[PDB]
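Take a look at this single chain in structure tokens; it is the form deposited in one PDB entry.
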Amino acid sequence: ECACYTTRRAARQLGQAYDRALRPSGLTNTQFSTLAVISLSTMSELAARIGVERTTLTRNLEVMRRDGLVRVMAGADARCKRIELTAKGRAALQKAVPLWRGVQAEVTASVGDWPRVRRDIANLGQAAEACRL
């Protein structure tokens, strides 16, 4: 019935499935997602693309910095911080990449169509963001 509930719940289950799948690489689903986004290429910019609030990204990164996944360089402005992947991070990503396909395949296979479902969720997320004012 509820849109927040059903989505959050599905995210919970999915999070559990993806975490168990990425277990040997010692990565969480969120950390993986962040790594891949960094791998495509400041903080607030990154948080926006990731889809979390600032402070969440901050504490998430410290956990990764401590595990030597990513490094932070001071920005050209002392205000901003820039983010790089470390060798341990790129090697971890590479190790988790095949594991992701093994699980991505299964959950994406059991559906009349995934691309339709996918864009429905995305636009529903953006729909929620419109409450900002």
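Note that the rigid core is defined as the largest set of C-alphas that superpose within 1.5 Å between two forms. Numbers for residues come from their place in the sequence shown, where the first is 1.
Unmodelled residues of the deposited sequence between neighbouring positions residue 41 and residue 42 number 4 to 9. As listed in the deposited structure, the average C-alpha B-factor of 119 to 127 and of 6 to 14 is greater for 119 to 127.
Here 53 to 61 and 70 to 78 are compared by their mean Cα B-factor, and 70 to 78 comes out higher. Residue 108: CA B factor lies in the highest third for its chain, per the PDB record.
There is another form of this protein, the form deposited in another entry, and it is not shown here; the text below is about that form.
The residue among 86, 94, 56, 104 whose Cα moves by 2 angstroms or more between the shown form and the other one, once the core is superposed, is 56.
In a rigid-core overlay of the protein, residue 70 has its C-alpha displaced by under 2 Å between the shown form and the other one. Core-superposed comparison between the shown form and the other one: the CA of residue 47 exceeds or equals a 2 Å shift.
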